[PDB]
file input05.txt (compact mmCIF, N, CA and C atoms)
# COMPACT_ATOMS: atom_id res chain seq x y z
N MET C 1 -4.50 9.73 -16.31
CA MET C 1 -3.90 10.63 -15.30
C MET C 1 -4.99 11.46 -14.64
N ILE C 2 -4.78 11.80 -13.36
CA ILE C 2 -5.76 12.55 -12.57
C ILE C 2 -7.00 11.67 -12.33
N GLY C 3 -6.83 10.37 -12.53
CA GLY C 3 -7.90 9.43 -12.29
C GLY C 3 -7.72 8.74 -10.96
N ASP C 4 -6.72 9.19 -10.22
CA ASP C 4 -6.44 8.65 -8.90
C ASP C 4 -7.52 9.08 -7.92
N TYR C 5 -8.46 8.18 -7.67
CA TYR C 5 -9.55 8.43 -6.75
C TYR C 5 -9.66 7.25 -5.79
N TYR C 6 -8.52 6.62 -5.53
CA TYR C 6 -8.47 5.47 -4.65
C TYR C 6 -8.75 5.88 -3.22
N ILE C 7 -9.32 4.97 -2.45
CA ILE C 7 -9.59 5.23 -1.04
C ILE C 7 -8.27 5.49 -0.32
N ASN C 8 -7.29 4.62 -0.60
CA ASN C 8 -5.93 4.77 -0.09
C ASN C 8 -5.89 4.58 1.43
N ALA C 9 -6.36 5.59 2.16
CA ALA C 9 -6.46 5.52 3.62
C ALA C 9 -5.09 5.25 4.27
N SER C 10 -5.12 4.65 5.45
CA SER C 10 -3.90 4.27 6.14
C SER C 10 -4.11 2.94 6.86
N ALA C 11 -3.67 1.86 6.24
CA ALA C 11 -3.80 0.53 6.81
C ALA C 11 -2.56 -0.29 6.50
N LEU C 12 -2.71 -1.61 6.49
CA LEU C 12 -1.61 -2.50 6.11
C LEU C 12 -1.37 -2.38 4.60
N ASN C 13 -0.48 -1.46 4.24
CA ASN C 13 -0.30 -1.07 2.85
C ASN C 13 0.88 -1.79 2.19
N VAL C 14 1.89 -2.13 2.99
CA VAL C 14 3.07 -2.81 2.46
C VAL C 14 2.68 -4.19 1.94
N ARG C 15 1.99 -4.93 2.79
CA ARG C 15 1.35 -6.18 2.41
C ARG C 15 0.20 -6.44 3.36
N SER C 16 -0.46 -7.59 3.20
CA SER C 16 -1.57 -7.99 4.05
C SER C 16 -2.83 -7.18 3.70
N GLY C 17 -2.72 -6.36 2.67
CA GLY C 17 -3.85 -5.57 2.22
C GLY C 17 -4.39 -6.05 0.89
N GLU C 18 -4.02 -7.26 0.52
CA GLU C 18 -4.46 -7.84 -0.74
C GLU C 18 -5.62 -8.77 -0.48
N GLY C 19 -5.44 -9.61 0.53
CA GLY C 19 -6.39 -10.65 0.83
C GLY C 19 -5.90 -11.99 0.33
N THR C 20 -4.67 -11.98 -0.18
CA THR C 20 -4.06 -13.18 -0.73
C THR C 20 -3.08 -13.80 0.27
N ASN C 21 -2.17 -12.97 0.78
CA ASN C 21 -1.17 -13.41 1.75
C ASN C 21 -0.98 -12.33 2.80
N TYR C 22 -1.78 -12.38 3.85
CA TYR C 22 -1.85 -11.28 4.80
C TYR C 22 -0.94 -11.48 6.01
N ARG C 23 -0.16 -12.54 6.03
CA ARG C 23 0.68 -12.83 7.19
C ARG C 23 2.14 -12.53 6.91
N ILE C 24 2.43 -12.08 5.70
CA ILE C 24 3.81 -11.87 5.28
C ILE C 24 4.40 -10.58 5.87
N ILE C 25 3.74 -9.44 5.64
CA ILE C 25 4.24 -8.15 6.13
C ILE C 25 3.07 -7.30 6.61
N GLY C 26 3.36 -6.11 7.12
CA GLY C 26 2.32 -5.25 7.65
C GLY C 26 2.33 -3.87 7.03
N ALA C 27 2.56 -2.85 7.84
CA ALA C 27 2.50 -1.48 7.36
C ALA C 27 3.61 -0.62 7.96
N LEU C 28 4.61 -0.32 7.15
CA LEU C 28 5.66 0.61 7.54
C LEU C 28 6.26 1.30 6.31
N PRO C 29 5.43 2.00 5.51
CA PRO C 29 5.87 2.67 4.30
C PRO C 29 6.17 4.15 4.54
N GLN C 30 6.84 4.78 3.58
CA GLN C 30 7.16 6.21 3.63
C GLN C 30 8.09 6.53 4.81
N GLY C 31 9.35 6.75 4.50
CA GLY C 31 10.33 7.03 5.52
C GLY C 31 11.23 5.84 5.78
N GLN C 32 10.66 4.65 5.63
CA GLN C 32 11.40 3.42 5.80
C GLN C 32 11.87 2.90 4.44
N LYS C 33 12.43 1.71 4.43
CA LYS C 33 12.94 1.11 3.20
C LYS C 33 11.83 0.38 2.46
N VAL C 34 12.01 0.20 1.15
CA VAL C 34 11.05 -0.50 0.29
C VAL C 34 9.84 0.36 -0.04
N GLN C 35 9.57 0.50 -1.33
CA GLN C 35 8.42 1.25 -1.81
C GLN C 35 7.75 0.49 -2.96
N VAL C 36 6.63 1.01 -3.44
CA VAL C 36 5.96 0.43 -4.59
C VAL C 36 6.71 0.80 -5.87
N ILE C 37 7.07 -0.21 -6.65
CA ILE C 37 7.83 0.02 -7.87
C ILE C 37 6.90 0.43 -9.00
N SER C 38 5.90 -0.40 -9.28
CA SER C 38 4.95 -0.14 -10.34
C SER C 38 3.80 -1.13 -10.29
N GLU C 39 2.64 -0.69 -10.75
CA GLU C 39 1.45 -1.51 -10.78
C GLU C 39 1.49 -2.44 -12.00
N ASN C 40 1.22 -3.72 -11.78
CA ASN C 40 1.24 -4.69 -12.86
C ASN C 40 0.03 -5.61 -12.78
N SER C 41 -0.83 -5.50 -13.79
CA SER C 41 -1.99 -6.38 -13.95
C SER C 41 -3.07 -6.08 -12.91
N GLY C 42 -2.87 -5.03 -12.12
CA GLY C 42 -3.85 -4.66 -11.12
C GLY C 42 -3.22 -4.47 -9.76
N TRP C 43 -2.41 -5.44 -9.36
CA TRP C 43 -1.67 -5.36 -8.10
C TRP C 43 -0.37 -4.58 -8.30
N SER C 44 0.19 -4.09 -7.22
CA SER C 44 1.42 -3.32 -7.28
C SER C 44 2.62 -4.21 -6.99
N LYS C 45 3.70 -3.98 -7.73
CA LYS C 45 4.94 -4.71 -7.56
C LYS C 45 5.77 -4.12 -6.44
N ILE C 46 6.03 -4.93 -5.41
CA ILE C 46 6.92 -4.53 -4.34
C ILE C 46 7.89 -5.66 -4.02
N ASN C 47 9.11 -5.29 -3.67
CA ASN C 47 10.10 -6.25 -3.22
C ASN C 47 10.56 -5.84 -1.83
N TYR C 48 10.24 -6.66 -0.85
CA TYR C 48 10.43 -6.29 0.54
C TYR C 48 11.62 -7.01 1.13
N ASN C 49 12.80 -6.44 0.96
CA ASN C 49 14.02 -6.96 1.58
C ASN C 49 14.32 -8.38 1.08
N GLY C 50 14.24 -8.56 -0.23
CA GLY C 50 14.62 -9.83 -0.83
C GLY C 50 13.45 -10.78 -1.03
N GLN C 51 12.34 -10.53 -0.35
CA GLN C 51 11.15 -11.35 -0.54
C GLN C 51 10.13 -10.59 -1.39
N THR C 52 9.67 -11.25 -2.43
CA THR C 52 8.82 -10.63 -3.43
C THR C 52 7.35 -10.75 -3.06
N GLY C 53 6.54 -9.79 -3.51
CA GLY C 53 5.12 -9.84 -3.23
C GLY C 53 4.29 -8.96 -4.14
N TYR C 54 2.98 -9.07 -4.01
CA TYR C 54 2.03 -8.21 -4.71
C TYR C 54 0.99 -7.71 -3.73
N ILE C 55 0.53 -6.48 -3.91
CA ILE C 55 -0.51 -5.92 -3.06
C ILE C 55 -1.55 -5.19 -3.88
N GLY C 56 -2.72 -4.97 -3.30
CA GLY C 56 -3.78 -4.28 -4.00
C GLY C 56 -3.56 -2.79 -4.03
N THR C 57 -3.52 -2.22 -5.23
CA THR C 57 -3.26 -0.80 -5.42
C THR C 57 -4.39 0.07 -4.82
N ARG C 58 -5.46 -0.58 -4.37
CA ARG C 58 -6.59 0.11 -3.78
C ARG C 58 -6.20 0.79 -2.47
N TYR C 59 -5.34 0.13 -1.69
CA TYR C 59 -4.95 0.63 -0.39
C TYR C 59 -3.44 0.77 -0.27
N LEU C 60 -3.02 2.00 -0.01
CA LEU C 60 -1.62 2.38 0.14
C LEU C 60 -1.59 3.63 0.98
N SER C 61 -0.41 4.12 1.34
CA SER C 61 -0.35 5.37 2.08
C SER C 61 0.25 6.49 1.25
N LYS C 62 -0.56 7.52 1.03
CA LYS C 62 -0.13 8.73 0.34
C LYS C 62 -1.18 9.82 0.54
N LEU C 63 -2.40 9.39 0.85
CA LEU C 63 -3.49 10.30 1.18
C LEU C 63 -3.40 10.68 2.66
N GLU C 64 -2.18 10.78 3.16
CA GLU C 64 -1.95 11.21 4.52
C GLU C 64 -2.25 12.70 4.65
N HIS C 65 -2.13 13.23 5.87
CA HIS C 65 -2.62 14.57 6.19
C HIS C 65 -4.14 14.57 6.19
N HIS C 66 -4.71 13.39 6.41
CA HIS C 66 -6.16 13.22 6.44
C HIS C 66 -6.68 13.39 7.86
N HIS C 67 -7.75 14.15 7.99
CA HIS C 67 -8.31 14.46 9.30
C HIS C 67 -9.28 13.38 9.75
N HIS C 68 -9.31 13.14 11.05
CA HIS C 68 -10.25 12.19 11.64
C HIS C 68 -11.48 12.93 12.14
N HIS C 69 -11.88 13.95 11.37
CA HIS C 69 -12.90 14.91 11.80
C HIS C 69 -12.36 15.71 12.97
N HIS C 70 -11.68 16.80 12.63
CA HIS C 70 -10.99 17.66 13.59
C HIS C 70 -9.89 16.88 14.31

call {"tool": "encode", "arguments": {"input": "input05.txt", "output": "structure tokens"}}
result
Amino acid sequence: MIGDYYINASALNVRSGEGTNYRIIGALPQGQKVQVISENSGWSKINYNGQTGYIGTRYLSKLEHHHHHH
């Protein structure tokens, strides 16, 4: 705990951010439907409207409120 030092940033976080299957989904998290359930074996478990997938826990959206230098 408190070891969360991931880059996170703001990119294709729902899917397409793994490097495995980048044509399936894009980025529309927080506020919309579907979220990360839990991390398993390294990748995060997500179920996107009936279609299952895995994404890299390295990049997700939560480090928002980030400045682009002013």

call {"tool": "residues_around", "arguments": {"input": "input05.txt", "residues": "residue 25 (chain C)", "least_positions_apart": "6", "cutoff": "6.5 Å", "atoms": "all atoms listed in the file", "output": "short mmCIF file (atom, residue, chain, number, x, y, z; two decimals) with N, CA and C atoms, in the frame of the given file"}}
result
data_model
loop_
_atom_site.label_atom_id
_atom_site.label_comp_id
_atom_site.auth_asym_id
_atom_site.auth_seq_id
_atom_site.Cartn_x
_atom_site.Cartn_y
_atom_site.Cartn_z
N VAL C 14 1.89 -2.13 2.99
CA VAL C 14 3.07 -2.81 2.46
C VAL C 14 2.68 -4.19 1.94
N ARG C 15 1.99 -4.93 2.79
CA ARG C 15 1.35 -6.18 2.41
C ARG C 15 0.20 -6.44 3.36
N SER C 16 -0.46 -7.59 3.20
CA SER C 16 -1.57 -7.99 4.05
C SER C 16 -2.83 -7.18 3.70
#

call {"tool": "atom_distance", "arguments": {"input": "input05.txt", "atom1": "CA of residue 65 (chain C)", "atom2": "CA of residue 35 (chain C)"}}
result
19.1 Å

call {"tool": "axis_aligned_box", "arguments": {"input": "input05.txt", "around": "region 47-61 of chain C", "padding_each_side": "5 Å", "output": "lines of an AutoDock Vina configuration file"}}
result
center_x = 4.0
center_y = -2.4
center_z = -1.7
size_x = 31.2
size_y = 27.8
size_z = 17.5

call {"tool": "atom_distance", "arguments": {"input": "input05.txt", "atom1": "CA of residue 20 (chain C)", "atom2": "atom C of residue 67 (chain C)"}}
result
29.0 Å

call {"tool": "closest_atom_pairs", "arguments": {"input": "input05.txt", "of": "region 27-69 of chain C", "to": "region 8-12 of chain C", "cutoff": "7 Å", "atoms": "all atoms listed in the file", "output": "tab-separated table"}}
result
residue	atom	partner	partner_atom	distance
C:27	CA	C:12	CA	4.4
C:28	N	C:12	CA	6.7
C:57	C	C:8	CA	6.8
C:58	C	C:8	N	4.4
C:59	CA	C:8	CA	4.3
C:60	N	C:8	CA	4.0
C:61	CA	C:9	C	5.2
C:62	N	C:9	C	6.0
C:63	CA	C:9	N	5.6
C:64	N	C:9	C	6.3

call {"tool": "atom_distance", "arguments": {"input": "input05.txt", "atom1": "atom C of residue 52 (chain C)", "atom2": "CA of residue 13 (chain C)"}}
result
13.7 Å

call {"tool": "closest_residue", "arguments": {"input": "input05.txt", "among": "C:24, C:68, C:18, C:5", "to": "residue 49 (chain C)", "atoms": "only C-alpha atoms"}}
result
C:24
